[PDB]
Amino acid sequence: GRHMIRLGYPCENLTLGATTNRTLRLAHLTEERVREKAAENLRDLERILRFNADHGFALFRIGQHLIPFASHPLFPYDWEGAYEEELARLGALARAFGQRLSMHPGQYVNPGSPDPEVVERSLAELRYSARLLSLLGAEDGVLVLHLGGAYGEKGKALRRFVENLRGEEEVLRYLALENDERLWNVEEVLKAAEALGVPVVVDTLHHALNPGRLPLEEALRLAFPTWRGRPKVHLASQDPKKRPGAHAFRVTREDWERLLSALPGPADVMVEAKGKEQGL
């Protein structure tokens, strides 16, 4: 039914066996083989949107590998010219379904790195991700990123992060920043986000493990105003007895109820669980 809290899951759908994350070995990165993997990923994206419209999921995170190696210097064709018509069509479908699309580049995308080549590769991956959202016409699309490593000194790390992203107009249209379980708490991310003029994604599990001085309610109250559109929040539960921050197969009733009770208002909740669409 119709709830003020909308739900999503990331990358793939276990029920369908549909995924947006097919890739290949660099040795196999021919135009032919890449076009084949991309076509499968795009076919599965469509399957997922349609599944989501029937099963009440309004959010979906598209895998980084949708177009495998798109941002790699050896990518063999103009993927934007190849796919712009198809992405416009899929994006129109997603909007017609009232679905919100996002992307979450991985741990290796580090704009605050002091290594120029890591920065360049990271920005390339962000530009690909932002362009994809643009091609899909994802109005309120989200491109979620952690602040990355502290590289020995947090103040200089955050300075490089901001300085290396400030001129990235298209990336900043979608970018939102997320707290983590070790390095950057909600209060720290709010400061970074304010500097770049972007929203803050609160991750409930990361917050529980690294709360700083804030209860969940106050974290969410502070993060809410950073969004022009509906806030996005991440909900996960701890995979019992694994590394802190590892995601359980299914979110617990207790974590879901804690979030529901703490939310200051309507929001979009990305369920991060190994069970994907079965994760809540």
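Throughout, we count residues from 1 along the sequence that is shown.
Enquirer: Which has the higher mean CA temperature factor in the PDB entry, 20-28 or 253-261?
Expert: Mean C-alpha B-factor is greater for 20-28.
Enquirer: In the PDB record, does 176-184 or 105-113 carry the higher mean Cα temperature factor?
Expert: Comparing 176-184 with 105-113, the higher average CA B-factor belongs to 105-113.
Enquirer: In terms of recorded Cα temperature factor, pick the maximum from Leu205, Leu143, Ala138, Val200.
Expert: Reading the PDB entry, the winner on C-alpha B-factor is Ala138.
Enquirer: Among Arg221, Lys232, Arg243, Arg50, single out the one with the highest C-alpha B factor in the record, please.
Expert: Reading the PDB entry, the winner on C-alpha B-factor is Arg243.
Enquirer: Comparing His3 with the other modelled residues of its chain, is its CA B-factor in the lowest, middle or highest third?
Expert: Highest third of the chain for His3's C-alpha B-factor.
Enquirer: When the modelled residues of the chain are sorted by Cα temperature factor, does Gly56 land in the lowest, middle or highest third?
Expert: As the PDB entry reports it, the C-alpha B-factor of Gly56 lands in the highest third of its chain.
Enquirer: Which third, lowest, middle or highest, does the CA B-factor of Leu14 fall in along this chain?
Expert: Highest third, going by the recorded CA B-factors of the chain.
Enquirer: Taking the entry's C-alpha B-factors for this chain, is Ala39 in the lowest, middle or highest third?
Expert: Middle third of the chain for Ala39's C-alpha B-factor.
Enquirer: Consider only the C-alpha atoms of the modelled residues in this chain, order them by B-factor as the entry records it, and name the third containing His247: lowest, middle or highest.
Expert: Within its chain, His247 is a middle-third residue by C-alpha B-factor, going by the deposited values.
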